[PDB]
Structure formats: structure tokens, C-alpha cells
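J.: got the complex split up, this is the first portion:
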Amino acid sequence: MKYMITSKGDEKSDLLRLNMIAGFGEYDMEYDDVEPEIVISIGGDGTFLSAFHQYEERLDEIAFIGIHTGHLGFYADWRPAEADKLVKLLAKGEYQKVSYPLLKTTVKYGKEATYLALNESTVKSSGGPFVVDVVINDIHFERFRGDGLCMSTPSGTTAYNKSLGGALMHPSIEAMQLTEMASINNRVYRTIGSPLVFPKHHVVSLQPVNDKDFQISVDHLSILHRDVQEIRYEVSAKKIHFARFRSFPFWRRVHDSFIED
Amino acid sequence: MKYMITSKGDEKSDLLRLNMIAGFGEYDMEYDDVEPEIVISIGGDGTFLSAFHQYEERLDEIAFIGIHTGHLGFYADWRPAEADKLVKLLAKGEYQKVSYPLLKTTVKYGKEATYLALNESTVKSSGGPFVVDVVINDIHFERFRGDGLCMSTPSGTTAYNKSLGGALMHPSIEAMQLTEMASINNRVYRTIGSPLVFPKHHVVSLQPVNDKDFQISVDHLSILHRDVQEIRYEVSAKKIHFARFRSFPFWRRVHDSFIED
Amino acid sequence: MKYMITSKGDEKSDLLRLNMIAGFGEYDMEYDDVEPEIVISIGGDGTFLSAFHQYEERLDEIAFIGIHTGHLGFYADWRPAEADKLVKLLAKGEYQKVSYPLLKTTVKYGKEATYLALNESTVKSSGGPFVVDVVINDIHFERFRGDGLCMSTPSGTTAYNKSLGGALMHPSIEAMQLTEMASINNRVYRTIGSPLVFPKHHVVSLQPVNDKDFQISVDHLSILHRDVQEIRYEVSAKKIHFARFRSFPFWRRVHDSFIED
């Protein structure tokens, strides 16, 4: 149906995009970057993340496909050489949609902003020490002191979460995972020191203790927030949908990205 | 209805057990340790684990309650001082049952044994180096070399799993978590180096590479298995049921066991 | 001889400082904050670090003493209640000096700045991804990608180094320790993934790969450096000297700060 293609913008990805557009022109496929139903991202995982955020208001109407023109990017299902086969399979249709969970971040001030993450949302201080009270379902759980906190989706667990020692979670699990960045632990300061995995409908709230200014990232996007009263995390009701044309199981995707390929 | 009480066996737990039996005698409660419907464990988490295994064939007919006579044992909901209040609340009934997921381990030979775990199942070598191929849903994922592997239930994630760097998982999540014990990683040997969290219906199979003898633990119970062809892990269809008389959320239980109490 | 006293500046530390100055006035002790031979820091480890940096040009002429007015600060040897005993012991003299190793950081541009650290020197990016080549004694060792790097002195190993998973090193060992902050490791990116401990006379050089702007911290002090060609680390030839009046072994100091007190 209606589709669009985003490109990383180097010569290789732009040319692949032009060639796929020409192939789509041989079928009943209209290029429409306002209301696409298929969004193809040609590049790396950053390109894919940007495509997701370009269309985060129409996630229920869109299925995503990623082509990696660099290394195997984690959200990519296709190598450039297979682009023509993808054009054909997509043109016919009847593919199967797979959905991954997303993370909702709410930032309250003294007003309210919400963000959606496909990989993770992180919070750090705007310069001074980072100290927050971590409140789970209204239960005061710990006072965190350290460099920051990372809350990850299942598909994000192989990203920043992994570098911070988090568990890799299969994306059929509707959960979010909280990991610590360089927590201090001594006689007077104590944190849990393990990643925490939360189900859908649990709410994790971070509440400032002294400083109220924080640097909050959502996927690639980092923003300074001033005068914050609360940062709230929960599994979103929204999901991202992928078009799948063949089996590529998550654990094989993990194997291919981290073990050998 | 029918109940029984297991005790750690020290003077404090035996006397509490005798006093609770006397209190139950004032209600319509028959002591029956063949077909109980309520199993009370008085001791620590080891006592509770032994009670679970004493009745693992009647898990669908039983609700468990733990009293800790030492430190706050993780599966315990009651301190000894509250025993009389428990007798009363239990006598009336109408309490709410909560269920935690369990782990099924299958060991195949050259014959087949199955075990059920509430905390975890671990595998180590019987003396020589431990090397196994890890196969996930028939996908060859890694060759593990190291000291051993631990597969944990959600409620077990605060136990051995935690010491091995695993994530703590809320027990409403029907999953199991695989953690590494001292994996070797160099130019020639590679493992994933993160805990892995698996949903229900995924099967993780360990397949021997050289040595076929393994020491397999299920909760406290360690057994030498010889001539092993495969060890298979999956989330069990069986669940353990707890009798709950008041709110004691898992994350508060974690707070009280690890942060402060 | 000549001494001075720095204070954290709260009411408790200022009053202790005034009372110690009055006690010193009863001996042959001149207050001199230009050329002291004894520097007393009253506060926490931050106060002590600031005192060290206030006098880093006269380290060979100075012995430091720390009083902690908060929790046991790691560099502190005295509680406030013992201040009068310290005045007396110090007045007589004949105490023993103990020396800890220090870290030299050199930052080269396209010009050169040097810094001395008692705890550690860290490097992060000024916004974009952090990528540096790590060169040890002119040997290209790894390309580091992640959040940053921390180089610690022995006495700093219980500070930020510890939170990053580094080893605690006894300060009689003339060494520095490099730890990673959230390194990425996948099929294409590889780091050593262990802390590294370097002897005196080894030089660790960080060399930019793309971005040349870095945020470099030395103890509490964080500075944006632009147009960096190289950051070089080595154990300094300079040492910090403490006045010791009684045994307080490093491993007891560690026990008291992290295990119980």
C-alpha cells in the first residue's frame, strides 16, 4: 500500500533507496511519507530508531522493516543484496506482523511531557551528583546515588542495558528493565545492585532529593529538563509492529550480533 | 481444612509448631500430613524449600505459608509473634491465593528424570572442565565453558541468581533466567556474558561436548548424573500457591531483605 | 610548626576549627596558610580533596590530617571528639609520615596541561559518542567505545573505581588502575572488559578517533577540553604525605567504610 523509505544518507543507502523506489513503482505501491503503512529504514539501528520516532504517532497503522547497510544492525532483517526480494514479497503482502513492547516515560514539572522509547530511557544529573528516590508502585524502594539509571524495553535489553550488566529479555515478555550506572555502595549508601525487571502496569517513579535538573535521554535524544518533580516509567500500551517475511528468531538475532556471524 | 506444619527442628520452631497445633485444635482444622490443603513451614527458606519438595505432587491442592524464626526468610510472610493471628485468620479462611511460576528440569540419559524447582536448577561438571552447547528452541546459541550454569525462577532470582549477577524479576512474569558461573572469554572462547530471560514455552537444552557426567542441583538438592545426553529447561505448567492474608508486595519483600528492615 | 585548617564550612566544622586554633595557640604553632607544613581538613573527603588541591604545589613540604565531621570519610583519621588529643600529639611532633601514590594526567592540544589526582581522573565525551584508541607504552591495545574511562590511584580505588567494578589496591603499591564505564561489546566492537592495573613508568595514552572534545575530571573538578590530541596517564613522581599518630591500617579503613563500623 502506501510506504516510505528513510535512508542513512550515505551514497550506499541513498542509491538503495532510489532503486527500491523504482522497483516499487512496478507494483500498486504509492510513496507517501505522511500516512505510510510500511516504513523501510535503510541504514543502521540509529536510522531505524529515527524512523520509529518520525512515526511514533501512527504506530498502530505502520509496520516497520529495516535494511542494514553497515554491520548487522539489530533491528534490521535484510541485507542490501536482498532488497529486490523484499520489494517483491512486500508488494504481494500477506506477511505476518510481530509486535515488540515499548516504554513510556512521563516527566512532571512545576506541567507534563511524555515520551515513547524503543530502546531505553536514561536519566543522569545536569552536572552535580545524581541522587533520586526510587518509588515502585508508591513503595519507597531505595535512594539511588551514582551516575544515572537506565530503563530498557525488551528489544533495548541488547543495547545500553547490556553494557550496564542487564539481562537480555525476549521481546514477547511485556516488561521493562531498570539498570544502575555506577552506583555507590558503602556503609552509608545502599542500592539493590541488581537489574530489576518490571511487568506491565507497574510504575517506577524517580523523585529528586536535592538537585531537580536532569538530563533525560529517550533512545538517541538527550534533553535537559529543569525543575523536575518526578520521572515515571511504565510499559506503554502502544507497540511497534514489524513486517516479517521469514523466520529470524530473536535468540538467533542475539547469536548473530554477539556470538558470531 | 486439613493442614500440616513442618519445623526447622530447633527448640524455637518446634515449640511454635506445638503451640500452633494447639491453637488449630480450637477450630475445625484436622492435622493431616498426607493430604493437607495448607502447609505451614516454620524456619527459614531452606525449611520452606523442603516443605515445597515434600508436597510437589499435590501443588494444585495446597497453599503454602511460611513463618520465619530466624532472619526474614524470603518466602516467609509471618514472624513468630504473629502466629496466633495467623491461626485465627487461617481458621476462618476466605484468604487469597497468589501463584508463583516454577521451573521444570528434564535430564535425559542413554531414560529420563524430571525435577521441579522453586528457586533454581544449576549444572556443574563432575570434576573436569564444564563445556556444554546451549541450544535454545533447537537453535545452537553458544558453547559455554566455565564453572557452570544456573536457571532460576522469578522468585529464585533473589537467590543464587542474584549472586551471579542476574536480574531480579517480579514473579507475575512467567519466565526463567539463565546466568553464567565464571565463563571464560578470550580470542577462542566466547559466551554471551549477560543473563538471559526466557518466556514460557521456550526450551533451553544443554548438550554435552566431551565429558557427559554432571552435578545437577535442584533447589538444595545436588545429584551426580552420569551418561547425560541432554538437560532441558522450561517454565513449568505447575505453579506454587501461597495463602496471603495481607499485602506484602514482592518489591517491598526485596526492599526488606536487601536494602533495610 | 606552621599549620593551617580548612573547614567544610558548616557550623560544626567551623566551630571545631576555631577551637583547634585556640588549642594550637597554647603551643609553638603558627597559623600560616601560605606555607603550612601541616594541613588539617575538617569535613568530609570532598573537603580533604580540596585541601590537597589547594596545596598541590607544596606536597613535598606538607603532611595532611583529616577530621571527619560527617560519616567516616575515607581520608579522615580522627573524629571530632578527639580533636584536643590531636592538637596535643601534633604539637609535640615526632609523628610518622606515610605516603600514598598520585596520578599524573597530561592533556595535549593543538599546548599541554598537567593535573595531579589523589582519587582519579576520568574522561567522557562532550556530548557525542565516546571513542578513543587506548595506547599502552606505544602499543595500540584497544579501541574503546562506551561512556568513558576512569584512571584511579590506589587510595582512589575505593572511590569511583569501586563503583565501576575495579579492584581495591593497597596504597603501598605504586600503580594506577583503568576501569571502563559501560563499554559496548558485540560482534564488531571489542574491549578488554576487565580493569587494568599499571605499574610506575607505564604510560597509558588515550587518542581521539573522531570527536576531539572531552570532559575530563580530576578528583571533583570537571573541565571541558576542546581540540585534544592525547590524554596521557602515568603514576606521578609526587606523593601525598599523611601525619599518622596511631595504627589505622588501610584494610581496617576499608572494613570500617564498607563492611561495618
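T.: Sure, I can see it. Numbers count the residues shown, from 1 in each chain, chains lettered A, B, ... in the order given.
J.: I'd say residue A:185 and residue A:193 touch.
T.: Yes - using Cβ atoms under 8 Å, residue A:185 makes contact with residue A:193 at a distance of 6.4 Å. From N, CA and C alone the C-beta is placed, and that goes for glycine too.
J.: which parts of chain A sit against chain B?
T.: Residues of chain A found near chain B (Cβ under 8 Å from any Cβ of the partner chain) are A:136-137, A:139-142, A:162, A:165-170, A:172-173, A:175, A:177, A:190-192, A:194-199, A:202, A:249, A:251-252, A:254-255, A:258-260.
J.: Filter those residues down to the ones in strands?
T.: Among those, the members found in strands (DSSP state E) are A:136, A:139-142, A:168-169, A:175, A:177, A:196-199.
J.: which of those residues has the most neighbours?
T.: Within those, most neighbours by other Cβ atoms under 10 Å in any protein chain shown means residue A:169, with 32 neighbours.
J.: For the most centrally placed residue in chain A, what are phi and psi?
T.: By Cα atoms, centre = their mean, chain A has its centre lying nearest to residue A:118, at 1.8 Å. According to degrees, to the nearest 10, the main-chain angles of residue A:118 amount to phi -100, psi -30.
J.: Say whether chain C is contacted by stretch A:244-257.
T.: Yes - against chain C, stretch A:244-257 shows contacts by Cβ under 8 Å from any Cβ at A:256-257.
J.: buried stuff in that stretch?
T.: Within stretch A:244-257, the residues scored as buried using 16 or more other Cβ atoms under 10 Å in any protein chain shown are A:245, A:250-255, A:257.
J.: Could you tell me how far that stretch lies from the centre of the chain?
T.: 17 Å (Cα atoms, centre = their mean, to the nearest Å).
J.: Report the separation between the two terminal residues of that stretch.
T.: Using Cα to Cα, to the nearest Å, the end-to-end distance of stretch A:244-257 comes out at 19 Å.
J.: For it, give me every contacting residue.
T.: Identification of contacts with stretch A:244-257 by Cβ atoms under 8 Å, 6 or more residues apart in numbering or on different chains yields A:72, A:74, A:77, A:86, A:89-90, A:95-98, A:158, A:168, A:170-171, A:261, B:136-137, B:139-142, B:192, C:186-187.
J.: Could you rerun that using 6 Å?
T.: With contact meaning Cβ atoms under 6 Å, 6 or more residues apart in numbering or on different chains, stretch A:244-257 is reached by A:72, A:74, A:77, A:89, A:95-96, A:98, A:170, B:136, B:139, B:141, C:186-187.
J.: Kindly reformat those as TSV containing distance to residue A:227.
T.: Putting those into TSV (distance: Cβ to Cβ, whole Å) gives the following:
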residue	distance to residue A:227
A:72	42
A:74	36
A:77	43
A:89	50
A:95	47
A:96	46
A:98	40
A:170	39
B:136	47
B:139	49
B:141	47
C:186	38
C:187	43
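J.: throw chain D on there as well:
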Amino acid sequence: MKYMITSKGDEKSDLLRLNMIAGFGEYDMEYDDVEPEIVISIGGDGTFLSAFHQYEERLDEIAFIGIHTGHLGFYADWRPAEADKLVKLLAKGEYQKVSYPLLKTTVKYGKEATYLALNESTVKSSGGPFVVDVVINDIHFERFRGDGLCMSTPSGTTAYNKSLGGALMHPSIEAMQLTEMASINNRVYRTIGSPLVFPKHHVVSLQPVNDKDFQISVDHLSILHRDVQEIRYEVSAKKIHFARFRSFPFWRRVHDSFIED
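T.: With chain D added, the chains above now look like this:
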């Protein structure tokens, strides 16, 4: 002078050994496996460790050389293809000896055994839970509960130590490093949770708390010790000497074994 050659015993290593013996026969080199001055190990690091232990009573009279016939074994300096060049260089002599530190383990009973380690000494329980008091220079430092403890030499820090999260230490540093295996940490049980690095002349003593039977390994060799009163660790006064014919710096050796080669 007098030399001997140990072989892993596969066809490749036995033939290399025979060919080197024939080459040595063309010089003033006597084969003597009672009092060698050069010990050549042909195989892997296990072969090298066995050669070290075969001659641990004559370490001051011996220089070791390792040839790896498998992967780059860490203690190996030569590939098989260079064997003839080694014969020649060794025949002439005038090579430089390099020394690495060693670890002394003393096991006291209710009698005394001492062992020397090139990689590490580990202690685990003989079946039950492992609990020991850790005493550093007669200072009670922690009660360790977990799977076991590993004490490593500098050259051993890239071995089991590395898998347990220890730091890699340059072998010019006369030290030993203690790492934890799966320590338990909760409200009631506390360990330091970081590797500890000890200088020469510090003594680390492990003292049993309940069970007195332990499985103690020294390099590859694992032994059940019963009725143990104390296990004591210290940097040995003895050193192992390597014959070096060219530069192969430790950090390049680490790079080649863990980063790429």
C-alpha cells in the same frame, strides 16, 4: 647447557619435541630432565603449568620457554614454525631472564602443607556451604559466604581471576589478588564485593567457621583437605624465570589473547 622438553603428548607436540632434540644435538646441549637449566614446554598453558610444577624445587636454577601447538597459550612465546630459530638462539645463549611473582599457599591442620602457584589457588567447600572468616594481617576483615575464593598471581590475573571479574595486573607488580565466587549479599550477609590486591608481605588467612573440609586447588591440581584450621596466602619469595629472546610485552600478550590476533 642442560635442558629438557616436555610435550603435551599429541602427535604434533611429540614430533616437534623430537625435532628440537635433534637440533639441540648439533650444539653443546645435554638433555637432562633431572637437573635442567632450560625447560621447554610444548603444548598449551596446561602443559606449561605442569612443567612448572615438575620443577618447582629448582625454580632458581631454571628458565622456562613455552611453545604453543594449539591456540596462543598465554605463557607461550613461540609458535611451532619458529622452533628451529629458538634452538639456534638458545644454543648461543646470552638471552635475558624475566621473572614473574608466585603465590604461596599454606594449609594448616590439627600439621602443615605448602604449595606454590603460578596461576592461582582457589578454595571451595567439600559439599556444604562455604563460610570462612577472612583475616588480613591479623585484622578480621569479613565473613565470606558464597561459592569460594580465588587468590591469583599477576600472570594468573588473565586466567580464572579474569572470569571472576578481577583486574588484570602487570607482572612487574609483586602482588596477589583475591576474587569472590558468587558471594551472597543481603541484609544479614555482607562481603566487600570487589577484588582485593595485596602487596608482598601481607598475609591473608582464611579461617573456617563451621565445616572444616575444603577443596583447595593450586593451578590445575584440586585436593580435598580435611580438618583445616587455616589457609594462608602470601606472595612467595620464589619467582619463575623465563628465557626471553625478543620483546613480547605483557600488554601485547593480553591484546593478542583477548582483543584480536
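J.: In light of the added chain D, please revisit the contacts of stretch A:244-257.
T.: Here stretch A:244-257 makes contact (Cβ under 6 Å, 6+ apart) with A:72, A:74, A:77, A:89, A:95-96, A:98, A:170, B:136, B:139, B:141, C:186-187.
J.: how does chain A divide into domains?
T.: Using CATH domains of a matching chain, the domain parsing of chain A gives A:1-101+A:238-260, A:102-237.
J.: In TSV, list the ones you listed along with distance to residue B:218.
T.: What follows is the domains of chain A, written out as TSV (distance: least, Cβ to Cβ, whole Å):
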stretch	distance to residue B:218
domain A:1-101+A:238-260	24
domain A:102-237	22
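J.: hey, which of those is tucked in deepest?
T.: domain A:102-237 (a mean of 20; mean count of other Cβ atoms under 10 Å in any protein chain shown).
J.: how far out from the middle of the chain is it?
T.: Averaging C-alpha positions (Cα atoms, centre = their mean) puts domain A:102-237 14 Å from its chain's average.
J.: Would you tell me whether it gets close to chain C?
T.: Yes - shown here: domain A:102-237 in contact with chain C (Cβ under 6 Å from any Cβ of the partner chain) through A:163-164, A:182, A:184, A:186-188.
J.: Just the ones in helices from these, please.
T.: Taking DSSP state H as the definition of helices, the residues of domain A:102-237 next to chain C contribute residue A:163.
J.: Flag every residue of the stretch 151-261 of chain A that's near chain D.
T.: Neighbours of chain D within the stretch 151-261 of chain A, by Cβ under 6 Å from any Cβ: none found.
J.: if I look at the residue nearest to the centre of chain A, how far off is chain D?
T.: Computed as Cβ to the nearest Cβ, to the nearest Å, the residue A:118 to chain D distance reads 31 Å.
J.: Verify the assumption that residue A:149 is located in a strand.
T.: Yes - with DSSP: H, G, I helix; E, B strand; the rest coil as the criterion, residue A:149 is part of a strand.
J.: Chain neighbours aside, what residue packs nearest to it?
T.: residue A:123 (5.3 Å; Cβ to Cβ, 6 or more residues apart in numbering or on different chains).
J.: follow-up on the earlier one: which residues does the residue nearest to the centre of chain A contact?
T.: Counting by Cβ under 6 Å, 6+ apart, residue A:118 touches residue A:52.
J.: In chain A, which helix is the longest?
T.: helix A:11-24.
J.: mind listing what the next helix or strand after that helix pairs with, with the direction of each?
T.: Going down the chain from helix A:11-24, the next helix or strand is strand A:30-31, by DSSP states H and E. Using DSSP bridges, the strands paired with strand A:30-31 are strand A:2-7 (parallel).
J.: for stretch A:246-254, how far is the first residue from the last?
T.: In stretch A:246-254, first residue to last residue: 17 Å (Cα to Cα).
J.: Pick out the residue of the stretch 1-150 of chain A closest to chain D.
T.: Of all residues in the stretch 1-150 of chain A, residue A:142 sits closest to chain D, at 13.1 Å by Cβ to the nearest Cβ.
J.: just checking, that residue touches residue A:193?
T.: No - taking contacts as Cβ atoms under 6 Å, residue A:142 lies outside contact range of residue A:193: 9.6 Å.
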